[PDB]
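These notes concern the structure reproduced below.
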Amino acid sequence: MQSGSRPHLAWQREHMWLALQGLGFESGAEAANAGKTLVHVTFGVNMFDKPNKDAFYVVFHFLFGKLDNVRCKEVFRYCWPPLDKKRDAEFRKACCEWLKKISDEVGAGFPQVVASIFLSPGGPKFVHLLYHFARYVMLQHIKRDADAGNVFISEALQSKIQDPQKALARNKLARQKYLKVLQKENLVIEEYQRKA
Amino acid sequence: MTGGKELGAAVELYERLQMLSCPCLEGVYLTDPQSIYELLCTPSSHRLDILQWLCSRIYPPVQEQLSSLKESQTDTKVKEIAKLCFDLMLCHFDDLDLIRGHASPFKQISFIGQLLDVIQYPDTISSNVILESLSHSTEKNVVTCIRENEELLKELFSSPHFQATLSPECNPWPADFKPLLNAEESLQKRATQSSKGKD
Amino acid sequence: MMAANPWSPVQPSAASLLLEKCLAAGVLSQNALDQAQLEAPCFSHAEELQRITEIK
Amino acid sequence: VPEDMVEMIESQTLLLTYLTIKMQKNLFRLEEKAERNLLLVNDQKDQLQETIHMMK
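Structure representation (structure tokens):
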């Protein structure tokens, strides 16, 4: 009856990590920005299996930064980096307020943001919240970076496909498009070097 | 005036379509690149049959949905195709002109090209296997794709060169050319104006 | 470990090194890459100026 | 198909698409800078060639 730990949260941890990397997350550079040395902070796929306060500071500041760098500097001016008990409480309060706004704006597709989740950042509920936060940041990037004619791509990705066959086809197309651009990049660099 | 490049791309697409034994091309042998272009990129009932075919190949359940619609309802067919294509991230849901064939030739070629990419998607390794059973459940194919994709992504992100591909930099020029390359906005205008065709 | 001949005028691009790595891991097949080959011409305006200089 | 598999594929599609758009934007900027540099150098070549011919 008796209440079997839903296998559902393991792959979300992995794809979250891929998303951070894809956004340009560098463990050494971002840790240094938070005044912490790499010897004491564990980054990776399992970084929030146990409550990890240090990683929480770094990753969230990074994602907010990637979302709105100007707003990020303004909202955290007086509490970044969280060095004392007073600053820490302010940083958490700020993260919760900002994410609550995002959660209100996006509606039923974004997890409910409760203040208790930030007291001990760790666990499946926390990872689930961070993944959807990372996903949101990527979609904003696709919307910004997508040319006036491809803005529809961000809308299409937001529209949840419930049919597995349709999702597969869409993925195949995306994979191909990536391989093409990767090949083009090689060609342009080669040709430029030769001509020069 | 459909430039020489669009006609060549249309021909390529036409060849790919032939290779995929598209039933709509049965008894139609076009050797003239312009005829091939008019077939693929101008509004016609045939073009719509081809697109319908391409879409039925990518997503088979759509075929039952389209076949139930009477010939007098052509506008509704076009809207259903646009909706699928939107779900595949290829065009906007109101881009009806692209489906009708009124969009720019390049846009049309690129569009049909992408559809074909999906159909000709090298099905990896295992598939020597021939005839057998139709019946295989949609569920086994999805599991395989996920697995493969996971391996690709893992490899892509484990690589030290991955970050460099996201922001490619290349400077092949020696130091002695730097002054030429940093030179005043006026030299740049002279160099770009000299390339205009009448010369 | 195909030791990049230091004397090749064309240094391998990050894209190339990544593609090579993907092919070595069997995650990508050369057939898949070939089917994806874009013949898009690079630097068309520079080429036209070269031809005009020769005729002159 | 467990509602959970369709969500994973969509997440993969999102990652690839993001990478693709990010790469394409940065590649176009390089191509434009490269072609400009080639044209500038080609123009210098053309001036030297004309002067040599006149002297000859």
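Taken in order, these protein sequences are the chains called F, G, E and H.
Its first residue numbered 1, the first sequence is counted upward by one per residue in the authors' numbering.
Its first residue numbered 1, the second sequence is counted upward by one per residue in the authors' numbering.
Its first residue numbered 1, the third sequence is counted upward by one per residue in the authors' numbering.
Its first residue numbered 155, the fourth sequence is counted upward by one per residue in the authors' numbering.
The beta-carbon is built from N, C-alpha and C at its ideal position, and this holds for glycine as well.
Could you check which residue in 145/G, 150/G, 8/G and 195/G has the C-alpha nearest to that of residue 250/F? Beyond the ends of chain F as shown, which are 1 and 196, falls residue 250/F; an answer cannot be given.
Interface partners of residue 105/G on chain E, CB under 9 Å: The contacting residues do not exist; residue 105/G stays about 16 Å from chain E at best.
Cutoff 7 Å; reference residue 128/F; Cβ partners in own chain excluding five residues on either side: 9, 12 and 111, listed in sequence order.
Is residue 78/G closer than 8 Å to residue 203/G when the C-beta atoms are compared? Outside the displayed span of chain G (1 to 199) sits residue 203/G, for which this structure offers no information.
Can you grab the Cα-Cα spacing for the pair residue 170/G / residue 160/G, in whole Å? The alpha-carbon atoms of residue 170/G and residue 160/G are separated by roughly 17 Å.
Can we say the segment 39-59 of chain F touches the segment 164-174 of chain F, given the rule of at least three CB pairs closer than 8 Å? no
When 24/F, 185/F and 177/F are compared against residue 59/F, the one with the closest alpha-carbon: Comparing Cα positions, the closest option is 24/F.
One question on the structure: do residue 63/F and residue 134/F come within less than 8 Å of each other, judged by their Cβ atoms? yes
Just to confirm the assignment: which complete alpha helix (DSSP H) runs, minimum length 4, are found wholly within the segment 6-81 of chain F? DSSP runs (the alpha helix (DSSP H)) wholly in the segment 6-81 of chain F: 10-22, 27-33, 53-67 and 69-75.
Interface residues of chain F facing residue 86/G [CB-CB closer than 9 Å]: Result: 152, 155, 156 and 159.
Tell me which residues of the segment 132-144 of chain G have at least one Cβ-Cβ distance to chain F shorter than 9 Å, keeping chain order. Residues 138, 139, 141 and 142.
Could you please give the first and the last residue of the uninterrupted alpha helix (DSSP H) stretch that includes residue 170/G? Looking at the DSSP string, residue 170/G is not in any alpha helix (DSSP H), and its letter there is neither H nor E.
Short CB-CB distance (under 8 Å) between residue 205/H and chain F: no
When you check each C-beta in the segment 179-195 of chain F against every C-beta of chain E, which residues fall closer than 8 Å? 179, 180, 182, 183, 184, 185, 186, 187, 188, 189, 190, 191, 192, 193, 194 and 195
Backbone CA spacing between residue 10/E and residue 184/F [nearest angstrom]: For residue 10/E and residue 184/F, the distance between alpha carbons rounds to 16 Å.
Which residues in chain G sit within 8 Å of residue 31/E, going by Cβ to Cβ distance? 122
Any C-beta of chain E under 8 Å from that of residue 140/F: no
Own chain partners of residue 23/E with C-beta closer than 7 Å, once the 5 adjacent residues on each side are dropped: Closer than 7 Å at Cβ, skipping near neighbours: 30.
Alpha-carbon to alpha-carbon, residue 20/E and residue 2/E: 10 Å
State the Cα-Cα distance for the pair residue 42/G and residue 102/G, rounded to the nearest angstrom. 7 Å
Check the Cβ-Cβ distances between residue 211/H and every residue of chain F, and say whether any is below 8 Å. A query on residue 211/H cannot be resolved here, the shown segment of chain H reaching from 155 to 210 and no further.
Of the listed residues 44/F, 116/F and 35/F, nearest to residue 81/F (C-alpha basis): Ranking 44/F, 116/F and 35/F by Cα distance to residue 81/F puts 35/F first.
Just mark residue 168/G as buried or exposed, buried being the case when its beta carbon has 16 or more other beta carbons within 10 Å. buried
Give the interface partners of residue 166/F over in chain G, defined as CB-CB distance under 7 Å, in chain order. 59 and 87
Have a look at residue 12/G and residue 32/G and give me their C-alpha separation to the nearest angstrom. So the alpha carbons of these two residues sit roughly 12 Å apart.
Identify the contact partners of residue 170/G in chain H, using a Cβ-Cβ distance below 8 Å as the criterion. Per Cβ cutoff of 8 Å: 184 and 188.
How about residue 214/G and residue 25/G: are their beta carbons less than 8 Å apart? Since the first residue shown for chain G is 1 and the last is 199, residue 214/G is missing from the structure and cannot be characterised.
Hey, does residue 185/G have any beta-carbon neighbour from chain E nearer than 8 Å? no
Where residue 40/E meets chain F, residues with beta-carbon distance less than 7 Å: 184
To the nearest angstrom, how far is the alpha carbon of residue 12/E from that of residue 42/E? 17 Å
At a CB-CB cut-off below 8 Å, which residues of chain H make contact with residue 17/E? Going along chain H, no residue has its Cβ under 8 Å from residue 17/E, so there is no contact; the nearest lies around 15 Å.
So residue 10/G and residue 36/G are in contact, right, with Cβ under 8 Å, and what is the actual spacing, rounded? 5 Å
Using 8 Å as the Cβ pair cut-off and three pairs as the minimum, do the segment 83-97 of chain F and the segment 159-169 of chain F touch? Using a C-beta cut-off of 8 Å, the segment 83-97 of chain F makes no contact with the segment 159-169 of chain F, since fewer than three inter-stretch Cβ pairs fall below that distance.
Mind checking residue 7/F: buried by the 16 CB within 10 Å criterion, or exposed? exposed
Out of 109/G, 136/G and 81/G, point me to the one whose CA is closest to residue 8/G's CA. 109/G
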